[PDB]
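The data below hold one chain only, encoded as structure tokens and taken in the form deposited in one PDB entry.
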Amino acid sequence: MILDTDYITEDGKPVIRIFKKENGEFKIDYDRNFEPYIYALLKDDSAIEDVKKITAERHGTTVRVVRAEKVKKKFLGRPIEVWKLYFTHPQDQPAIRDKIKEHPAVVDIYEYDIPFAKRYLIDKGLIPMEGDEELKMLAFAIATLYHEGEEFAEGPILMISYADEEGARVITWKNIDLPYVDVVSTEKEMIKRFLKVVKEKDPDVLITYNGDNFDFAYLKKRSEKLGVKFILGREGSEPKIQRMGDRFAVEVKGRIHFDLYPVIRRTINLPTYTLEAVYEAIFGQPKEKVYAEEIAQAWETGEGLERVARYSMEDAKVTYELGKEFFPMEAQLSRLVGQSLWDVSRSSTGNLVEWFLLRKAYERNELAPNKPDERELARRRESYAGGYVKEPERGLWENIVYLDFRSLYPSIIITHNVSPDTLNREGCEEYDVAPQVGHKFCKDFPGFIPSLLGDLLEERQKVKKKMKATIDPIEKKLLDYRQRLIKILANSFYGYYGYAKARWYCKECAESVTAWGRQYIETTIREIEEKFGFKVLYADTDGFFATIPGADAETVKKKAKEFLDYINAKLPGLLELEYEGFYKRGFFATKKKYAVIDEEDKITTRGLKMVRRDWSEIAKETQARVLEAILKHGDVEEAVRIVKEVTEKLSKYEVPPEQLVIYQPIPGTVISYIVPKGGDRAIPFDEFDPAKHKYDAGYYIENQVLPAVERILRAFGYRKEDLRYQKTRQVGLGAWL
């Protein structure tokens, strides 16, 4: 199985190294015959003799063009004859490409910025992470001595922990009577001991949590300070540090440095990305955090070191567990895109699509367009119109169905052949015209991107069907990941079209997809209203909520199924409307803000409860009470009385202070405070005394309860003044009113 590729230079010549793992043994294959190249479009074939003599200089030695050969490729569907220019070394390309481009007879140059090792995988048709080879993995973590105003790695590494199938162990230079702790004499000996473990275990994968920007950098500075050659690589090399924009990334030659931090950052959405929060969300099990202060205090006092060593052990243990959970998915992503797991795990959506397209382009003899220059990039900053959002019909509705399109944007791209190579093509026999924007797309030949997108959707169906027949639960999980990743990649094509740095960028394509989307959703709405008598309550981008005001629950379901059969017979190509769900009740307050409930009493809220900007228990409790009264009881006037009851109790100081605590996640803990009657007046709840102090009733009414509930009750016509404690009316003659 192919792990990764790179190149070394031997006597000025590039040598590709292919790192492989076959039959449980590590192998390095060498290729000294891969020639780097660039394409050049000339306005005259006679000019090739002038461009062959173009020279540049790379570190004293003269850079020259080895040889040139005329090649026929496709560029934007149309055939193109371009000159394939060969070079001795890949580093010759950045040195000479500008001199070649500036030549008068050169119209343009192409594929001049593609990394040599990645160009090799594509050109040779090699796919990394292919096969059933089982990789040996090892996770590791470090604990350090931290002091507030000191430089990076000024304090020593206190402990180094590691974990695999054999379990988790901790290496330290202090006596700890724990079964999993290995004691050495010094920090220098601890680092040397860690190196021996990695060498003896010889793992194919090194798993870290933020090892790209902390662990490796800390180990490097300490090994330099102590005089230890940090040889982690399979060929005796030290970890190589690279720049990824504003941050860093670390390679370990011969192995795969799998940093879980950038992976989990993309895959899962969490409020915080501490190792503790991540583990608790993925495995549902708690993990205690031991802060830098506690670690430093324990090491200096020499007391409480059991707790520190256990935290160190758990760090390696959970990092191995998480690595075991995310690596197989990243392995399938690597195999799908066709690039190393190291790169795919650190790449964003735009880069993943681009690498996929670059490989496909080579397979189809398609000349790839260049990345945009600074001038062209500034031309691509202009935006376009997106999805359709209907202003909701206010009020409480009963028996609601949600209908939506299955893969609307990929379906549009395939159905209408939306692509830069089909856009306004001359001599069209058949074309589809995008509404509003008016862009014409030829249908005579399959467009490059729609063709690939169709193959992806077809391949996904072939893997969904293979899942049903696979008994092996490990293989079924692997197929599940491949299937999921194909859907993710397919849904990235639309965004890629409007991505200014994309090689295959096409604003006309991007806005045509959204224009067609707006047409299909609006056409479907007027169709269900005029021909089936439905009321469309709300709609957002590719779906809508509809109902028949005075109809039975079974009647609305029947009519919805009949409508689905009707419009699906009219829809072109891959476009298809789906049932999605039925809801007993629902209210649509404003665009992006609504709430519905199914027949099982499950409530779904969007744009309302989601607002987690410092909310007291009293505001959360009454919002839930309001939501329940409206959706489960269907009683809007009861929800009003609840708010009036709560504001009256708050104004008369009858609400206990425990229900007034506000939680704010900020050194890195949740602060619990209360607002008093005396705007920077807030105090921690621990110091609040009901016998000595009074809370701000006005604040909890006007800034807590009312804002949270008004956003819901505004849909029914209630203002903020319709919910406060209006107080008893002045009855009798004594009042004189």
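Take the two forms, superpose them, and find the largest set of C-alpha atoms that agree within 1.5 Å; that set is the rigid core. Don't overthink the numbering: it's just position in the shown sequence, from 1.
Coordinates are given for every deposited residue between residue 60 and residue 61; the gap count there is zero. The modelled chain breaks between residue 666 and residue 667, where 10 or more residues of the deposited sequence lack coordinates.
As recorded in the PDB entry, 643-651 is the stretch of 74-82 and 643-651 with the greater mean C-alpha temperature factor. In this entry, 546-554 has the higher mean Cα B-factor, the comparison being between 546-554 and 115-123. Per the deposited coordinates, the residue with the largest Cα temperature factor out of 455, 303, 330, 363 is 303. Of the candidates 444, 459, 638, 354, the deposited coordinates give 638 the top C-alpha B factor. Ranked against the other modelled residues of its chain, the C-alpha B-factor of residue 10 as given in the entry falls in the lowest third. Ranked within its chain, residue 604 lands in the highest third, by CA B factor from the PDB record. Per-chain ranking of the deposited C-alpha B factor places residue 432 in the lowest third. The entry lists a Cα temperature factor for residue 308 that places it in the highest third of the chain's modelled residues. The PDB entry assigns residue 379 a C-alpha temperature factor belonging to the middle third of its chain's modelled residues.
One more form of this protein, deposited in another entry, exists but is not displayed; see below.
Superposed on the rigid core, the two forms differ between this form and the one not shown by 2 Å or more at the C-alpha of one listed residue only; from 457, 352, 367, 117 that residue is 457.
Once the rigid core is used as the reference frame, the Cα position of residue 278 differs between this form and the one not shown by less than 2 Å.
If you fit the rigid core between this form and the one not shown, you'll see the Cα of residue 550 move by 2 angstroms or more. Annotation for residue 321: C-alpha shift under 2 angstroms between this form and the one not shown, rigid core superposed. Whereas the displayed form keeps them at a certain spacing, the CA atoms of residue 470 and residue 134 lie at least 3 angstroms farther apart in the other form. Relative to the shown form, the CA atoms of residue 486 and residue 278 are brought 3 Å or more closer together in the other form.
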